[PDB]
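Notes follow the structure.
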12 protein chains.
Amino acid sequence: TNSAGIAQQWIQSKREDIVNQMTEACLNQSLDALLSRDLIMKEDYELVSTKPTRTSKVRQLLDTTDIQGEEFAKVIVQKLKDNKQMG
Amino acid sequence: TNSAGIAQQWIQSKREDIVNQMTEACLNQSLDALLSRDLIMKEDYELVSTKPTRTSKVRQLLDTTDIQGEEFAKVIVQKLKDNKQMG
Amino acid sequence: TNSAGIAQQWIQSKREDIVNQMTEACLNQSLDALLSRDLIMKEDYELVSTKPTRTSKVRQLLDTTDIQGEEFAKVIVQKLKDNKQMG
Amino acid sequence: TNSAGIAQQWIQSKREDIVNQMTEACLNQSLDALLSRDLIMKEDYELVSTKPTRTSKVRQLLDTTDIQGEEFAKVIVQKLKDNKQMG
Amino acid sequence: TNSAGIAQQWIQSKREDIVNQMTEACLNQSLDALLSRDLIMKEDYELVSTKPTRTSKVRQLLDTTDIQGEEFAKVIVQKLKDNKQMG
Amino acid sequence: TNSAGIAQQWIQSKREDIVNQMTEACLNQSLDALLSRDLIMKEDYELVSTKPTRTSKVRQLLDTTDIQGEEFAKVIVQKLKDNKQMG
Amino acid sequence: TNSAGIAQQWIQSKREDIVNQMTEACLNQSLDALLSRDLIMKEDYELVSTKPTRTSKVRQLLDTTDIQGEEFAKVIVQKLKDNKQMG
Amino acid sequence: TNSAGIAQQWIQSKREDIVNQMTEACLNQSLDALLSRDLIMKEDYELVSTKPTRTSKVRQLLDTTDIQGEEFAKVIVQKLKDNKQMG
Amino acid sequence: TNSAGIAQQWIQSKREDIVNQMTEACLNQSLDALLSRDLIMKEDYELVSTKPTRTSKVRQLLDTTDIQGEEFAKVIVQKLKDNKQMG
Amino acid sequence: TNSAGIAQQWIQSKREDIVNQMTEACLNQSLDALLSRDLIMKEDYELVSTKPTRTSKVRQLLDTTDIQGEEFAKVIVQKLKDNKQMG
Amino acid sequence: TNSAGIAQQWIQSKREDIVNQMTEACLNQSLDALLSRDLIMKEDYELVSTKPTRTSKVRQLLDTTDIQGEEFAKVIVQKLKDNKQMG
Amino acid sequence: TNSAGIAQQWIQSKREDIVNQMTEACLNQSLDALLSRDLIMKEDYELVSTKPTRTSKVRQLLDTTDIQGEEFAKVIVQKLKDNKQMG
């Protein structure tokens, strides 16, 4: 609950960093594992994959991160730690 | 009348499948034959061709399918059967 | 139905592996047999063949894998087993 | 007027064929003669020349064919007849 | 006064043609020369440049054509004649 | 019509074989007879003749085989039979 | 103030020329020096770098030229003079 | 001004001929004298020198011919006359 | 004009024969007289003289035959008649 | 932190030089050591390795340099100093 | 698994050395044993064998080394040890 | 700086002459002294040494001359003066 909420909160706590740190591949592989574990429907997936710029593709994931809770978010947190990108 | 209505009804009966089964090319070739036989005006055609995602481009055709009746719809039914996509 | 759905699901179950395991030739020969048996229209084929990177060419096939069902997918599963690549 | 309208209408009458019959060179030489006789502005020319697939490059010309009338279209009709491609 | 009024009236006299004849580049270059000579404020310019379809972008200019009089309109008339598009 | 379509279809039916069976000379002599009978424009001919690998030069012909119909394809079928290569 | 305003005004005074005179390299080097001196944020930079045509990439810079004032614009004026392109 | 404009216009007047008449050496020597007199930046030069076919390398110069005016074009006109190729 | 065009057309009319009939010496002496009368630049000459096989050296001349018109071609026609090879 | 930031800032401070000074081998060896120490994912690596021109391949690395921080950048700074290229 | 992964990792650990140490014959014999044991398809084999420089032919193998895992890589490790080249 | 820049500029000032005046031995000895003093990496050296024609081998050096500055260029200027070739 708490650290579950903190997980997406930490995303929201450092969201400016995710605009900086997350690449397209850091995005698109993270788009993959969500679509792999089916944490996102494809209609929402097409929304992120059609935005023109990186930051436009970033924010659509990160807005969808908030509405989908912790398990959607924890893997993205795990993505940046499995990257060891440490942003 | 009846099967004429059923034709667009069958579209509405399996609309979730058309979100699944219809591609962009299954869309855009179907956009072609409607524009070929002039079953759609170009103002409505530009509406479908400008939506950002596939499903956004799907639903705009499928909403326009209902208001335009059977002959607009029967060719789209014929499109999926001329595809032999069988969705 | 079920294993038919599981076939493209197994693709979606291990999609990160297909980003890893599938080469260009593992891609392009798989593009061939689909185009050989006419499981893909050429407009969708040109979409995959024009993407700049391997992973960009990978994802376009794999997105088209989901919308086209089992027979489109089963041969790609058969491709990796006829490769005996075992990914 | 009439056959002038029929000229671009015949294009719209068989547009699926132009997706089939017209190549890249059948496209790009037709792009040339329009740009030769200045029937197209270069901003519209860059739109066609930047689309990724053939069919994407096809449709942009063919959409621009309708808005530009007969003289823009008659040479394209003459192109397919000077090709003797007879599509 | 009169031909000044007729200039935007001729636009209104053949407005259906401007939905047909005017392209995006015929639009956007005409958007340029108005913004070049500062016949439009940028807030009104952003209104036209954000509409999703061509016809949506067409009508916003053409509605703004009526409220801004002759000098705003005469250059657009001159645009179609400098195009020699003759619509 | 039918066997005319089957002729290029048989090419598409066994396209993996044409990646295997067709050599460079089996390619380039087939490029000759098409250019001899003027079934290909030289702009499309330069596209095939500039690809770096055999298979890259193979696929460009075989993609151009589909868009150009039967008479373009029947001689290539006749080429493999005049070769008596029997692939 | 005045010549500061005139600097971006001169850009707006001859904007049709910048559609003509500015190349991609005249664009992209000008995109560089702005990003070098950090006169543009990268989110706005990705907007220009993703537009499909030259003129689409031109106008996005030139629209961003107006909202960012003189120092953003003076270097672009200096760019065309350091080019000695004299447009 | 006029004959200055006519110089690049004559290029555009007979552009189909330049697709025909200009060789690679007629291209690449013309690429040299532009790069000799520094009428082209090297970023634009690399764009022409990387296109796969002759016509692809032709059109990139000829598109860059229009945006760069007369002095960029007059030497290319002088190139074909110093060639005495008379196309 | 006509027989001037027919001269290189007759080359294109029987190009398969030139793959057959023309030797290396029938090639290289024909390369000489073109270089003697300066109908070819040396950069294009080095292109033909570096291809590995006869047919590779044949096609490079014969492709250069089309872009260089009649006087470049008429001597090659005269070469085969001064040979009295009669191909 | 500071000199860590300055390291990628110095890259951004002299980015026009990196368009000049960095070769393909200065690029591709620098692409190697990043891929050697795994400072880049291969999806981002394929993006740089597929761009057509040097400068297109340059900017994709240099854009990826900013989003990946100091350790990604410090080795590239070390690359130019281990080159002793001193740009 | 681990030393299996380390085997291709050791390749990636010292990849700069493989640019140095591996010759053409150290390459091409290694290309042989992979093609002998059928660890590579011929389409991927033609990709390596067509690159112009040694390092271009090196990197294409070494990129294909990563996507094909351990057994593809272990023999290449065994190749350098059967060479006793000890790089 | 200035004469340092002029040194490679003089190369660019008379580049058509270097296409004329420089032989293969004037090339390859100049390739030697650069490789002797290690002004070129071997990956760039293999690029020049693999081009098929002299002019193809010429331009690759001369393009690499511009990106590598003065000391790379001054010895090539010294090469033509130590030749006393005086081109």
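Rounded to the nearest 20 debye, the dipole size of region G:45-87 about its Cα centre is 300 debye, using +1 on the Cβ of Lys and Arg and -1 on the Cβ of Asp and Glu. Equivalent ellipsoid of the protein assembly as shown: semi-axes from √(5λ) of the C-alpha gyration tensor, largest first, are 42, 39, 36 Å. Restriction of the trypsin sites (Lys or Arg not before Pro) in chain D to DSSP coil positions whose beta-carbon has at most 16 other beta-carbons within 10 angstrom yields D:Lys14, D:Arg37, D:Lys84. Taking only the alpha-carbon positions of region L:1-45 and ignoring solvent, what does the Debye formula give for the base-10 log of I(q)/I(0) at q = 0.18, 0.22, 0.32 Å⁻¹? Rounded to two decimals, the profile gives -0.69, -0.93, -0.98. Here, region I:38-87 is characterised by an Rg to Rh ratio of 0.98, where Rg is the alpha-carbon radius of gyration and Rh the Kirkwood radius.
Here chain B is treated with +1 on each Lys and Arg Cβ and -1 on each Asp and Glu Cβ, and its dipole about the Cα centre works out to around 280 debye. Averaged over the residues of peptide J:61-72, the number of Cβ atoms from other protein chains lying within 10 Å of each residue's Cβ is 3. Label point of K:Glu16 set 7 angstrom out along Cα-Cβ; within region J:1-30, amide nitrogens under 15 Å from it belong to J:25-30. Considering only chain B, the C-beta nearest to the rotation axis that sends B to G is found at B:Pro52, 5, the distance in whole Å.
Across region I:2-82, the mean sequence separation of Cα contacts (distance under 8 Å, 6 or more residues apart), normalised by length, yields a relative contact order of 45 percent. Which one of J:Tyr45, J:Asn83, J:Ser56 is farthest out on the positive end of the charge dipole of chain J, using unit charges on Cβ (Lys, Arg +1; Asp, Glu -1) and the Cα centre as origin? Selected residue: J:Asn83. When the Gaussian network model of chain H links Cα atoms closer than 10 Å, the mean-square fluctuations of H:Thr64, H:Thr53, H:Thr23 top out at H:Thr53.
Only helical runs count toward this figure. For chain J, summing -39,500 (n - 2.57) over DSSP H runs of n ≥ 4 and dividing by all residues gives -22500 deg cm²/dmol at 222 nm. Look at where the Cα atoms of region D:12-76 and of region L:26-74 average out, and the two centres are 44 Å apart. With R₀ set to 45 Å, the beta-carbon distance separating B:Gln9 from F:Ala4 gives a calculated FRET efficiency near 0.70. Peptide F:43-55 has a mean of 6 when you count, residue by residue, the C-beta atoms of other protein chains within 10 Å of its C-beta. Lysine pairs in region A:17-87 whose alpha-carbon atoms fall under 22 angstrom of each other, counting only those eight or more residues apart or on distinct chains, come to 10. Once divided by 2.2 N^0.38 Å, the Cα radius of gyration of chain H becomes 0.98.
For the pair J:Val77 and F:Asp82, label points projected 7 Å from Cα toward Cβ lie 6.7 nm apart.
Between L:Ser49, L:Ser13, L:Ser30, which gets the highest mean-square fluctuation from a Gaussian network model of chain L, Cα cutoff 10 Å? Looking only at L:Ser49, L:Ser13, L:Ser30, the biggest GNM fluctuation is shown by L:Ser13. Placing unit charges on each Cβ (+1 for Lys and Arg, -1 for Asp and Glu) gives the protein assembly as shown a dipole about its Cα centre, and among G:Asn20, A:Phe72, B:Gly5 the Cα reaching farthest toward its positive end belongs to G:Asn20.
FYI, it's all coordinate maths here, none of it is from the lab. No Cβ is skipped: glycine too gets one built from the backbone with ideal geometry, and neighbour counts run over all protein chains shown.
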